[PDB]
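Be aware that the sequence shown starts at 511, since it is given in the numbering used here, and climbs by one per residue. One structure is given below, encoded as structure tokens.
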Amino acid sequence: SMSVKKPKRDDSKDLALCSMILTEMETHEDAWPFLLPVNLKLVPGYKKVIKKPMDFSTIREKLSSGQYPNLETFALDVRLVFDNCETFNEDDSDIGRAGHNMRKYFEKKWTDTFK
Numbered sequence: 511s512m513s514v515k516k517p518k519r520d521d522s523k524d525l526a527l528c529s530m531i532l533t534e535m536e537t538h539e540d541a542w543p544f545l546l547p548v549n550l551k552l553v554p555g556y557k558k559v560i561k562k563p564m565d566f567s568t569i570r571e572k573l574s575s576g577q578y579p580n581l582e583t584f585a586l587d588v589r590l591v592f593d594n595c596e597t598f599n600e601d602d603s604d605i606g607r608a609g610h611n612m613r614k615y616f617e618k619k620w621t622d623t624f625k
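Encoded structure:
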């Protein structure tokens, strides 16, 4: 409350550390469905169904230009990528499997870097 704060957790390295995580997600062999925005002209249904499209290149641009206020808003966009994937793709598909694998990979790096 006013003039009453918990001890200040050091967030000075968060930007660099999210960048590192995103580099590792970019370079994963199963990243290919997530590297670029889904082409809304060429994929029937996507535009209407997926209200908030997100991909790794869009996160990278947001990160590089100070559009993440804190590390939680960064995690929310990464999770959005996988939530969108699960919304549009069957689990038993190459893309559906890729999304599950990448979400696991991310959540471990997230816990190990910050928790």
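In this text, a Cβ means the ideal position worked out from N, Cα and C, and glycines have one as well.
For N594, the enclosing alpha helix (DSSP H) covers residues 581-598.
In this structure, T597 sits near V559, with a CB-CB distance shorter than 8 Å.
By the 16-neighbour rule on beta-carbons within 10 angstroms, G609 is buried. If you compare the alpha carbons of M564, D602, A585 with that of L546, the shortest gap goes to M564. When the beta-carbon positions are compared, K572 and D593 stay at least 8 Å from each other. With at least 16 other beta carbons inside 10 angstroms of its own, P543 counts as buried. For the stretch 527-578, the full-length alpha helix (DSSP H) segments reaching 4 residues or more read 556-559, 566-574 along the chain.
With a threshold of 16 other beta carbon atoms within 10 Å, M512 falls short and is exposed. Our two residues, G606 and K515, have alpha carbons roughly 43 Å apart in a direct line. Counting every other CB atom within 10 Å of its CB across the protein chains shown gives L550 a total below 16, marking it as exposed.
Taking the C-beta atoms as reference points, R570 is found nearer than 8 Å to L532.
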